[PDB]
Amino acid sequence: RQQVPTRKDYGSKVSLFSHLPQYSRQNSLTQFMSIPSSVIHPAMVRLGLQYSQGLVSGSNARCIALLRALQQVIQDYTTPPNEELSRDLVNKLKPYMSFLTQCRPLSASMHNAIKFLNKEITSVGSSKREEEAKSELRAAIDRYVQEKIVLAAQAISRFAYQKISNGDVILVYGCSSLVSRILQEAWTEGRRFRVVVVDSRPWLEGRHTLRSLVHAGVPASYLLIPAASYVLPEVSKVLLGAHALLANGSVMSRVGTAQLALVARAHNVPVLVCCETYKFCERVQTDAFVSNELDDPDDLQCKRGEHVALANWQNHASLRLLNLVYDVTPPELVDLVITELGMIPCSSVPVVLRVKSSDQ
Amino acid sequence: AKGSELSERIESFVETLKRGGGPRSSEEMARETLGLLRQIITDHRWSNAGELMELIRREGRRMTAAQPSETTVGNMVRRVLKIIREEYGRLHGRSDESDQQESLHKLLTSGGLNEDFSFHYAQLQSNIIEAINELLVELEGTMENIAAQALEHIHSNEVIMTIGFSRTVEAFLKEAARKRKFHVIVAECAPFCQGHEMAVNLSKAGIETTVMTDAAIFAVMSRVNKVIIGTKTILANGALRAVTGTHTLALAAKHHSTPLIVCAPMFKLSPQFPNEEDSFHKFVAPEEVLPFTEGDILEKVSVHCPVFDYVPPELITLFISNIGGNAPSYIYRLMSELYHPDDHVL
Amino acid sequence: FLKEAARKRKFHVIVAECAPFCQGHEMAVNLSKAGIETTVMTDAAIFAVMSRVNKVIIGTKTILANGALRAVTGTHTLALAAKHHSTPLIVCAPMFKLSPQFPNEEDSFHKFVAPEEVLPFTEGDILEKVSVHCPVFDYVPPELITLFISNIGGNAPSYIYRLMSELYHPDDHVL
Amino acid sequence: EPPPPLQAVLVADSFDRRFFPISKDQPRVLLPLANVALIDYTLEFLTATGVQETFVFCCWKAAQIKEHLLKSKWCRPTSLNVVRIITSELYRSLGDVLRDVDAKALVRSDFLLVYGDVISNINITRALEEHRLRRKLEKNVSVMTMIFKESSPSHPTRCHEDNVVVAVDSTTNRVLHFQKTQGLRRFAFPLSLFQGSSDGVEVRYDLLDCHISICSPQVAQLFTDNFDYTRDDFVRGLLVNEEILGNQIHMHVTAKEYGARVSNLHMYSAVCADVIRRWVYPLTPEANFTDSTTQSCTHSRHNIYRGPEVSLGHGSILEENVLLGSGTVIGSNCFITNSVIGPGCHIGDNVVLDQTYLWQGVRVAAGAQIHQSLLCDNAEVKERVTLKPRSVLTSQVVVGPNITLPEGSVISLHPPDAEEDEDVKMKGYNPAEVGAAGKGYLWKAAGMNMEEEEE
Amino acid sequence: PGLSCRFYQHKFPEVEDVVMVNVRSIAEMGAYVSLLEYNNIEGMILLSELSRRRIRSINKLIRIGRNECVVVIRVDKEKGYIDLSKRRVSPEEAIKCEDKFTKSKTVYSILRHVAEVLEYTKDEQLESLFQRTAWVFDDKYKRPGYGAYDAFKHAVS
Amino acid sequence: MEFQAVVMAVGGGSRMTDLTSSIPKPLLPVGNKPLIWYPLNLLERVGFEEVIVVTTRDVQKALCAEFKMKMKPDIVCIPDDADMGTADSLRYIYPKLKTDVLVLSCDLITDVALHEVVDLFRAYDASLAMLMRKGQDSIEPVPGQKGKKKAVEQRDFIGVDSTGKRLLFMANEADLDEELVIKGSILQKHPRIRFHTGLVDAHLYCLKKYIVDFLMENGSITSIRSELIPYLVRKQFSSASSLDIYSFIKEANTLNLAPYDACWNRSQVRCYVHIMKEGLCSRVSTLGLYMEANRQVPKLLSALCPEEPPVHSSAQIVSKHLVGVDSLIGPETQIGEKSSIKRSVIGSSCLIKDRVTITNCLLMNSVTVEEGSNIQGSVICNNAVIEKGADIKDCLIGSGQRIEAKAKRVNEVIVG
Ligand SMILES: Nc1nc2c(ncn2[C@@H]2O[C@H](COP(=O)(O)OP(=O)(O)OP(=O)(O)O)[C@@H](O)[C@H]2O)c(=O)[nH]1
């Protein structure tokens with residue numbers, strides 16, 4: 001009741017990933033909660049419902065949605081008479097983040113936004129009036145969105161405009177708002193090039209990118225990830241988006257990004273990664289097994305012909321479906337990172353963090 | 001009778017090759033090609049071995065041009081041509097064979113060859129038919145011979161990665177699983193997700209199996225001990241024409257120095273080098289990759305769906321065939337004792 | 001590190017004995033007392049078994065200014081074997097083991113203990129014409145190291161220089 | 001009681017003037033799509049689907065159709081599809097053809113009804129089995145099964161002329177209402193559809209009409225009974241008169257297989273683009289399904305099919321989706337993209353071809369710029385000539401130097417409306433529209449009302 | 001039960017006599033098989049007498065559990081050694097052997113069913129039954145195998 | 001607060017005028033409990049703690065008359081003489097509304113998980129969320145309607161998307177001249193439209209606040225079910241951007257917070273529906289529906305309130321072995337020996353003599369039945385009395401009516 005019930009695991013997991021949760025999109029957490037939202041703020045409940053159903057996906061979109069929900073929560077916050085805002089607000093936000101984690105494991109951008117907001121709340125003077133503190137917090141969140149995402153995207157697009165050349169064939173993977181914006185603004189500014197969109201099952205997010213590239217008039221080829229080795233002889237540049245950059249330089253991205261980096265290295269093709277500095281993390285990962293997300297295994301079912309293989313796959317005791325979400329590209333497979341600070345080597349992630357931490 | 005049925009069967013085979021092929025496996029393709037060539041030898045009228053070889057080559061050219069990606073037909077045609085050459089040389093008084101047929105430094109230094117197939121021998125046809133029957137008998141047991149080597153390449157609690165659906169690899173793994181316990185990870189090999197079926201059958205045998213998309217090959221390769229794959233064709237330099245996504249799997253295995261084992265029978269060996277010919281990949285309709293229901297987006301988007309991938313020999317560790325295990329560096333020898341260099345181009 | 005991990009996780013540890021001082025044996029006994037499935041082997045089987053090893057976790061005696069290691073002997077071989085299979089190599093070393101001395105030379109890197117550990121004195125006259133050497137430490141170049149885990153978190157070997165500059169002054173490098 | 005071998009009725013006449021004036025000198029079924037006649041595509045589809053007997057009904061230019069068919073792969077003794085050609089000058093509609101089919105009693109069991117301009121790789125075995133099962137369970141109730149293809153309404157292969165909306169009982173795939181949405185902005189469905197089925201009355205606008213039907217002989221019987229009946233008239237009459245006669249029409253929808261009808265120039269362009277880009281695999285230009293020596297080619301990267309004896313000038317660039325016929329000679333510094341060029345063509349230097357279809361024998365002089373234009377057999381284009389999108393030059397048509405033909409321009413050797421009104425005073429070729437040494441007449445909206453000019 | 005009897009009268013075959021065998025095991029000198037027409041007595045298909053061309057492995061042409069038509073090339077009734085060759089068997093001889101084996105197996109099945117109906121329990125009873133019925137026709141027609149089947153076919157009508 | 005539950009309970013019963021004369025429609029005793037108890041109890045199990053029940057004087061008096069709930073209702077009364085609609089009642093109670101509204105009706109008996117609808121309101125940021133049940137057929141005889149007299153029953157045509165959630169088309173047969181017309185662009189956006197005709201509207205709309213804000217400035221709309229919902233469904237595809245509904249939407253969609261700088265996989269008004277094909281979902285507005293609800297209530301009452309026994313504690317039954325499991329006995333309700341009650345709901349303060357067989361009947365309060373009388377499939381109103389040996393089958397006897405002794409009236413509406 002007062003604590004949100006834990007989400008149930010869907011099915012059997014791979015033994016190497018048995019430490020990670022595995023949830024079913026159909027089994028939502030709101031089945032055992034009061035419709036007039038108590039315990040959890042209604043904005044947070046709606047956000048978690050959108051997360052668990054995949055309605056909101058992508059690092060930037062998830063971070064922006066979380067920040068808007070947090071603004072709504074702050075706006076409707078009343079300080080208890082025997083409590084201070086700087087502590088009570090931080091204590092109150094924690095169950096909301098736990099519920100959001102239950103709905104879907106938080107992305108790196110969401111974690112960094114949460115840390116920034118907690119730091120901002122803690123640094124509120126006890127003498128400030130409640131409404132002044134709330135207005136300052138909302139203004140801080142607005143500034144965070146404006147500077148860490150929008151202006152950062154514009155600066156990254158301006159920087160990446162230099163790398164794109166006339167006659168280039170740029171290979172992009174999946175859906176990334178930053179990559180799409182970079183390509184659209186490069187096409188608008190007068191550069192002429194082709195884009196090859198590599199997509200993979202089961203999300204097929206690359207189609208999104210494809211649609212955008214046709215609305216902007218950019219010529220675009222489309223193919224699946226296993227055929228990448230066939231198309232890379234034509235490709236002159238690989239441009240990838242990153243969900244996170246780890247402190248050791250590793251690129252945590254959608255599964256298959258490291259695969260594309262490896263095949264591109266085998267084909268002697270430069271690999272560039274576009275990421276905003278607000279998504280840099282102090283964690284380190286050496287593989288995709290230690291920390292990852294296991295999506296719904298049922299998404300791996302496919303409609304081939306009249307029959308459906310893997311239907312009722314849970315009836316086979318030895319059968320496991322592994323719907324990995326993320327993967328880690330080692331820094332040796334990445335040639336360049338484009339951030340709002342400019343073009344940096346993949347090993348400059350720890351210093352940039354430091355530069356962004358001495359201020360705070 | 002003879003011609004009216006033989007020509008009809010040839011037409012049916014060519015038309016089946018052109019459009020579809022059905023659920024026919026590589027072994028079935030080879031058996032049907034061998035039966036076709038045996039009936040051509042028996043029914044058609046040929047005086048000497050030269051006329052028979054010319055007729056066989058003429059039929060094989062059409063059979064190969066029907067579907068270039070189906071290399072088993074050409075392999076069987078060239079095998080029959082080599083059999084005819086061997087029988088004729090045996091009846092022509094040349095003592096030992098299969099060594100002077102191939103160009104060799106020792107043969108070049110100590111003489112040479114002056115081929116002539118004009119002579120007629122009445123016992124040539126029976127010898128050729130007997131050799132073809134031996135070839136068919138070997139075909140009937142090549143799969144069992146390959147599967148019998150399972151326990152020599154799998155240890156306890158090993159993680160084996162495979163891609164696509166290969167019946168040879170399935171039999172190999174099922175034979176190994178009788179006495180050993182191991183975990184198999186199957187890549188689905190999109191868009192034709194045959195790997196799913198490969199995972200179901202391996203699950204029915206009690207093997208702990210895991211399915212994953214082709215995007216997770218590199219991520220999971222770090223915890224994979226061995227890679228066992230099938231192939232469609234083995235080229236003259238040891239390279240592979242495998243299902244799509246196999247080159248990526250081979251690169252991922254090479255990154256972690258994971259051994260890559262190819263379980264392929266003898267009839268999949270083709271003497272064609274991967275020089276060019278623009279006939280390597282087989283591009284199926286792009287409906288599998290991008291659905292037709294996408295809409296206007298399809299009028300400006302170039303969708304390509306290659307079926308096969310070229311795997312260079314550097315990424316292959318071992319070839320397991322009905323004759324045992326070989327390195328990719330020895331494949332050339334298996335060329336020379338199976339096909340004649342003059343029969344490389346039909 | 002391993003005992004803390006083993007409280008919530010199940011994993012299999014393979015310990016090389018690190019001859020001649022077979023301290024690894026003790027390392028295997030303690031890990032066995034914690035319920036961790038552990039296996040002992042000689043240093044000759046490092047490359048043979050590396051093919052089935054997912055991760056490498058080692059300690060060190062010193063971390064040099066360029067991220068290199070002065071570890072126990074046989075660690076360079078282990079690092080090479082891990083690099084062959086692209087197995088990650090993690091060094092769990094605290095902050096005070098960082099030394100601002102570069103591995104230029106100085107002929108004071110290895111520590112040569114008595115050759116009694118390698119070849120026993122009871123060998124006899126064979127010892128009067130045989131040169132026995134028993135180095136204790138091995139130099140591991142930074143290219144074979146994946147991650148440094150210290151009390152301040154995880155770092156790449158390429159960031160070690162920064163940890164130098166905020167810990168030691170360049171004028172104090174040579175005492 | 002095994003059913004007899006599957007038979008097909010192929011209608012080689014469109015019975016309309018949707019390809020005027022190109023059809024004045026060439027039947028529609030003989031128009032080359034990717035250098036292969038449309039009737040060859042239809043016959044290949046019929047043979048692949050398992051049709052053993054084919055009745056080809058030709059009315060307009062039946063002599064040319066017979067001459068082409070006799071040399072085809074399907075008129076050989078080795079063919080498993082026996083082609084029988086029936087010709088008559090008294091054919092004015094598909095109703096006449098089906099009435100003659102009934103009069104001759106050609107078909108004893110379910111057969112295939114297709115036109116001679118249908119490009120498809122659909123395997124009809126599943127739909128045929130469903131049709132036979134339906135007719136077995138309910139005797140003589142379901143009389144026809146139409147084949148549809150899932151598609152988005154915005155696909156280029158869906159012209160407004162042939163767009164249809166179908167109200168369907170999804171439980172049994174039974175067609176309850178069939179309508180054509182040409183020129184409409186609000187589709188009306190009678191309430192009588194919602195009488196028996198209270199759950200599934202799916203209104204579908206995502207169905208592309210493949211113009212393939214599985215018809216029982218009752219279809220021919222009803223065409224004989226209702227002598228005023230095209231297929232759409234039959235469908236509408238059957239759906240309206242379900243009370244008097246308990247006949248039904250069902251449908252089968254395919255998602256993984258391609259099927260379309262070349263009924264106008266826009267559909268021709270869309271289907272040719274789909275064929276070049278392997279959407280109708282295995283009916284690809286290199287497959288040589290016609291088994292002709294002059295229609296073989298090699299398929300390189302970017303869907304570029306090159307025939308034998310093709311000479312490419314230095315600096316020429318073939319971007320993508322380009323098919324080159326055998327014997328084509330292309331000059332230097334050319335740019336050809338998304339174009340189909342027939343055998344024997346001659347292209348000058350610095351020529352730009354974009355989404356254009358040149359048939360056999362077309363000669364293009366240096367410096368031309370052609371976009372989305374069709375150049376029929378032996379057409380010629382002089383220097384400094386620009387063809388704006390949707391420009392058609394029919395057979396033996398020459399366009400003089402230094403012209404820019406506007407969009408929608410059609411030039412034919414036939415007078416524009418002289419014989420059209422006459423259905424004698426030789427009118428000179430106006431150089432103001434066809435240029436010096438230009439042979440042809442500008443064909444205005446008199447025949448452009450159903451030409452390559454639409455959304 | 002496990003009642004069995006030789007298809008013919010003589011207990012052992014003769015040289016140059018095509019027989020049906022079932023491959024049972026693989027050895028060094030050759031393949032150990034059982035003679036189906038002679039109450040499953042052991043024989044050896046020699047590795048040398050396996051193919052006219054050079055052969056590297058016996059498993060190339062021999063599969064355990066597959067019937068074969070082989071010509072006897074050496075019989076030693078004392079030691080019990082029967083040597084069989086697959087190279088010397090012509091396709092026509094193989095067809096004749098297959099037909100003869102089919103007829104003999106039909107006759108054997110008929111006699112075994114008769115014995116089972118009569119509740120025979122020992123192989124001696126089956127041997128006596130074969131002596132009375134089948135081998136009498138066999139040595140009356142002077143054609144082993146063929147004679148018994150032809151005489152049985154002459155019955156019914 | 002996420003929601004403010006509102007129960008629309010002025011009182012209808014246009015098809016139940018026979019019963020809506022002794023007591024108001026919300027107070028009809030469904031399963032020995034007032035009808036309006038069933039919606040409110042739902043809001044109790046969901047987690048609500050405040051309702052705005054728009055009723056009349058009598059219903060407000062009944063609500064304060066030891067009604068059983070834990071939440072605090074806010075009963076609002078309206079001028080009974082004044083003619084108004086549900087939209088008019090929302091217009092009236094607008095000052096009390098501050099958050100999104102959850103409009104119910106005092107006739108909905110259901111066991112549906114409310115979240116099934118509310119999630120459609122949450123995840124999709126829907127302007128409107130609806131609840132419907134699959135069409136069902138009544139095979140049991142209505143007690144009073146026997147000579148056919150079946151009305152035309154103008155059906156509602158509901159066209160939903162392929163997913164079965166989005167609402168694309170909503171029309172009434174009365175407004176259609178034998179022709180269902182679709183706008184065309186609707187089919188361009190949604191090529192496949194599933195059409196249903198028998199769907200039952202449960203009146204469980206979840207409306208956003210700007211809908212009420214737009215209702216403020218527009219007085220033409222008077223009913224929610226018949227005018228507001230179809231208007232919203234039509235305006236869903238009526239392009240975009242008196243003042244129109246689109247002007248009142250001043251909040252950015254949660255699914256399109258940042259149109260640029262982010263990817264989310266014009267359409268501001270979005271109506272969604274939840275069609276529940278299984279389980280109980282009934283709207284008591286006809287005699288047949290009322291009787292069926294009374295029949296099927298006992299399982300729902302056992303599930304929802306296991307503490308309350310099917311037979312009241314203060315019930316005097318001489319023959320405590322002739323009452324069925326589904327039969328319900330209210331307080332008092334003296335039942336004599338050799339009297340058998342089978343699948344019948346018995347009210348309160350009822351006088352039952354010996355040798356009485358009550359089969360599939362509904363007995364209200366103050367119902368008296370004498371010796372030898374048999375009732376089968378009949379409804380008895382309040383204060384009605386039955387004489388000696390009267391046989392009643394499929395009859396509706398009104399409030400206080402007297403039936404003659406041994407008068408076998410069958411399928412006759414005995415209303416005074
Ligand atoms: N608050 C309020 N409730 C009403 C009003 N009129 C009817 N109701 C009740 O609210 C419910 C919903 O309204 P409708 O479904 O449109 O009822 P109706 O239009 O009167 O038609 P019927 O249900 O057949 O009486 C009805 O079942 C009535 O019981 C009203 O004017 N104000």
# chains A, B, ... in the order shown; residues from 1 in each chain; ligands from 1
call {"tool": "closest_atom_pairs", "arguments": {"of": "chain F", "to": "ligand 1", "cutoff": "6 Å", "atoms": "only C-alpha atoms and all ligand atoms", "output": "Markdown table"}}
result
| residue | atom | partner | partner_atom_place_in_ligand_line | distance |
| --- | --- | --- | --- | --- |
| F:8 | CA | ligand 1 | 1 (N) | 4.1 |
| F:9 | CA | ligand 1 | 3 (N) | 4.6 |
| F:10 | CA | ligand 1 | 3 (N) | 4.0 |
| F:11 | CA | ligand 1 | 29 (O) | 4.0 |
| F:12 | CA | ligand 1 | 25 (O) | 3.7 |
| F:13 | CA | ligand 1 | 25 (O) | 4.7 |
| F:14 | CA | ligand 1 | 25 (O) | 4.6 |
| F:15 | CA | ligand 1 | 24 (O) | 6.0 |
| F:54 | CA | ligand 1 | 1 (N) | 4.9 |
| F:84 | CA | ligand 1 | 31 (O) | 4.2 |
| F:85 | CA | ligand 1 | 31 (O) | 3.3 |
| F:86 | CA | ligand 1 | 32 (N) | 4.2 |
| F:89 | CA | ligand 1 | 1 (N) | 4.9 |
| F:105 | CA | ligand 1 | 11 (C) | 5.2 |
| F:223 | CA | ligand 1 | 16 (O) | 5.8 |
| F:225 | CA | ligand 1 | 16 (O) | 5.4 |
| F:285 | CA | ligand 1 | 23 (O) | 5.7 |
call {"tool": "write_last_selection", "arguments": {"atoms": "N, CA and C atoms", "output": "compact mmCIF listing (two decimals), in the first residue's frame"}}
result
# COMPACT_ATOMS: atom_id res chain seq x y z
N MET F 8 -23.75 10.89 -11.65
CA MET F 8 -24.86 11.61 -12.25
C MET F 8 -26.14 10.89 -11.87
N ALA F 9 -26.88 11.43 -10.90
CA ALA F 9 -27.96 10.66 -10.29
C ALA F 9 -29.20 11.52 -10.07
N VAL F 10 -29.57 12.33 -11.06
CA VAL F 10 -30.84 13.05 -10.97
C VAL F 10 -32.01 12.07 -11.03
N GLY F 11 -31.94 11.08 -11.92
CA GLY F 11 -32.99 10.10 -12.04
C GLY F 11 -33.61 10.06 -13.42
N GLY F 12 -33.49 8.92 -14.09
CA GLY F 12 -34.07 8.75 -15.41
C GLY F 12 -35.22 7.78 -15.41
N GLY F 13 -34.96 6.54 -15.82
CA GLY F 13 -36.00 5.53 -15.84
C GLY F 13 -37.12 5.82 -16.81
N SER F 14 -36.80 6.38 -17.98
CA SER F 14 -37.82 6.61 -18.99
C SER F 14 -38.41 5.29 -19.48
N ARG F 15 -37.61 4.23 -19.49
CA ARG F 15 -38.09 2.90 -19.83
C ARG F 15 -38.47 2.08 -18.60
N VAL F 54 -24.81 14.44 -7.83
CA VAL F 54 -25.89 15.35 -8.20
C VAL F 54 -27.19 14.56 -8.17
N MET F 84 -32.98 19.77 -17.05
CA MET F 84 -31.56 19.88 -17.32
C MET F 84 -31.05 18.54 -17.83
N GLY F 85 -29.81 18.55 -18.32
CA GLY F 85 -29.13 17.35 -18.75
C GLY F 85 -27.88 17.10 -17.92
N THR F 86 -27.19 16.02 -18.27
CA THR F 86 -25.94 15.70 -17.58
C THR F 86 -24.90 16.79 -17.81
N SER F 89 -25.76 19.51 -15.56
CA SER F 89 -25.33 19.25 -14.19
C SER F 89 -23.84 19.50 -14.02
N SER F 105 -22.58 7.01 -13.52
CA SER F 105 -24.03 7.07 -13.49
C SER F 105 -24.53 6.14 -12.39
N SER F 223 -26.57 16.97 -23.16
CA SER F 223 -26.33 15.62 -22.69
C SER F 223 -24.89 15.22 -22.96
N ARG F 225 -23.70 11.76 -22.90
CA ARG F 225 -23.63 10.53 -23.69
C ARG F 225 -24.06 10.76 -25.13
N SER F 285 -31.37 0.39 -16.81
CA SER F 285 -32.28 1.40 -17.33
C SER F 285 -33.56 0.82 -17.91
call {"tool": "closest_atom_pairs", "arguments": {"of": "region 127-154 of chain E", "to": "region 28-48 of chain E", "cutoff": "12 Å", "atoms": "only C-alpha atoms", "output": "tab-separated table"}}
result
residue	atom	partner	partner_atom	distance
E:127	CA	E:39	CA	11.2
E:144	CA	E:37	CA	11.4
E:145	CA	E:37	CA	9.9
call {"tool": "interface_residues", "arguments": {"of": "chain B", "to": "chain D", "cutoff": "7 Å", "atoms": "only C-alpha atoms", "output": "PyMOL selection string"}}
result
chain B and resi 19+278+284-287+292-296+299
call {"tool": "residues_around", "arguments": {"residues": "residue 139 (chain B)", "least_positions_apart": "4", "cutoff": "9 Å", "atoms": "only C-alpha atoms", "output": "number ranges by chain"}}
result
B: 27, 30-31, 134-135, 143, 265-267; E: 60
call {"tool": "write_last_selection", "arguments": {"atoms": "C-alpha atoms", "output": "CSV table (one decimal), in the first residue's frame"}}
result
chain,number,residue,atom,x,y,z
B,27,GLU,CA,21.9,-33.3,-49.8
B,30,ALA,CA,23.2,-33.2,-54.8
B,31,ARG,CA,21.3,-36.5,-55.0
B,134,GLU,CA,29.6,-45.0,-55.0
B,135,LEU,CA,29.2,-41.3,-54.8
B,143,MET,CA,25.9,-36.5,-42.5
B,265,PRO,CA,30.1,-31.9,-46.1
B,266,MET,CA,32.3,-32.6,-49.1
B,267,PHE,CA,29.8,-31.8,-51.8
E,60,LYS,CA,32.9,-43.8,-46.6
call {"tool": "closest_atom_pairs", "arguments": {"of": "chain F", "to": "chain D", "cutoff": "9 Å", "atoms": "only C-alpha atoms", "output": "Markdown table"}}
result
| residue | atom | partner | partner_atom | distance |
| --- | --- | --- | --- | --- |
| F:135 | CA | D:198 | CA | 8.5 |
| F:159 | CA | D:202 | CA | 8.8 |
| F:173 | CA | D:191 | CA | 8.9 |
| F:176 | CA | D:191 | CA | 8.9 |
| F:177 | CA | D:191 | CA | 8.9 |
| F:178 | CA | D:191 | CA | 5.3 |
| F:179 | CA | D:190 | CA | 4.6 |
| F:180 | CA | D:189 | CA | 5.1 |
| F:181 | CA | D:188 | CA | 4.4 |
| F:182 | CA | D:187 | CA | 5.4 |
| F:183 | CA | D:186 | CA | 4.8 |
| F:184 | CA | D:186 | CA | 5.1 |
| F:185 | CA | D:185 | CA | 7.8 |
| F:187 | CA | D:205 | CA | 6.3 |
| F:188 | CA | D:153 | CA | 6.3 |
| F:189 | CA | D:153 | CA | 8.7 |
| F:190 | CA | D:205 | CA | 8.4 |
| F:191 | CA | D:205 | CA | 4.8 |
| F:192 | CA | D:204 | CA | 4.8 |
| F:193 | CA | D:203 | CA | 5.3 |
| F:194 | CA | D:202 | CA | 4.6 |
| F:195 | CA | D:201 | CA | 5.5 |
| F:196 | CA | D:199 | CA | 5.5 |
| F:197 | CA | D:198 | CA | 6.0 |
| F:198 | CA | D:198 | CA | 6.7 |
call {"tool": "residues_around", "arguments": {"residues": "residue 133 (chain C)", "least_positions_apart": "5", "cutoff": "8 Å", "atoms": "only C-alpha atoms", "output": "VMD selection string"}}
result
chain C and resid 112 115 118
call {"tool": "residues_around", "arguments": {"residues": "residue 60 (chain A)", "least_positions_apart": "4", "cutoff": "9 Å", "atoms": "only C-alpha atoms", "output": "ChimeraX atom specification"}}
result
/A:64-65,109-110,149,176-178,243 /F:261-263
call {"tool": "residues_around", "arguments": {"residues": "residue 170 (chain B)", "least_positions_apart": "5", "cutoff": "10 Å", "atoms": "only C-alpha atoms", "output": "ChimeraX atom specification"}}
result
/B:147,162,165,175-176,198-199,201-202,228-230,263
call {"tool": "interface_residues", "arguments": {"of": "chain F", "to": "chain A", "cutoff": "12 Å", "atoms": "only C-alpha atoms", "output": "number ranges by chain"}}
result
F: 1-5, 42-51, 99-102, 112-126, 206, 252-265
call {"tool": "residues_around", "arguments": {"residues": "residue 169 (chain A)", "least_positions_apart": "5", "cutoff": "9 Å", "atoms": "only C-alpha atoms", "output": "tab-separated table (two decimals) with N, CA, C and O atoms, in the first residue's frame"}}
result
chain	number	residue	atom	x	y	z
A	193	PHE	N	24.93	14.37	-49.45
A	193	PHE	CA	25.45	13.09	-48.98
A	193	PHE	C	24.32	12.07	-48.99
A	193	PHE	O	23.15	12.42	-49.15
A	194	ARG	N	24.69	10.81	-48.82
A	194	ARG	CA	23.75	9.72	-48.66
A	194	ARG	C	23.82	9.20	-47.24
A	194	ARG	O	24.85	9.29	-46.58
A	195	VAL	N	22.71	8.64	-46.77
A	195	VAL	CA	22.64	8.04	-45.44
A	195	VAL	C	22.15	6.61	-45.59
A	195	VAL	O	21.15	6.35	-46.27
A	196	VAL	N	22.85	5.68	-44.95
A	196	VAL	CA	22.45	4.28	-44.88
A	196	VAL	C	21.97	4.01	-43.46
A	196	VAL	O	22.74	4.14	-42.50
A	234	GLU	N	30.83	0.62	-49.20
A	234	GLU	CA	30.42	1.92	-49.71
A	234	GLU	C	30.55	3.02	-48.66
A	234	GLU	O	30.80	4.18	-49.00
A	235	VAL	N	30.40	2.67	-47.38
A	235	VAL	CA	30.30	3.66	-46.32
A	235	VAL	C	31.63	4.36	-46.12
A	235	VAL	O	32.69	3.72	-46.10
A	236	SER	N	31.58	5.68	-45.97
A	236	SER	CA	32.76	6.48	-45.69
A	236	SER	C	32.86	6.92	-44.23
A	236	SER	O	33.97	7.14	-43.74
A	237	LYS	N	31.74	7.04	-43.54
A	237	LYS	CA	31.71	7.43	-42.13
A	237	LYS	C	30.57	6.71	-41.43
A	237	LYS	O	29.50	6.53	-42.01
A	238	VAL	N	30.81	6.32	-40.19
A	238	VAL	CA	29.76	5.78	-39.32
A	238	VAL	C	29.50	6.82	-38.24
A	238	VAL	O	30.43	7.29	-37.58
call {"tool": "closest_residue", "arguments": {"among": "D:253, D:65, D:446, D:31", "to": "residue 265 (chain D)", "atoms": "only C-alpha atoms"}}
result
D:31
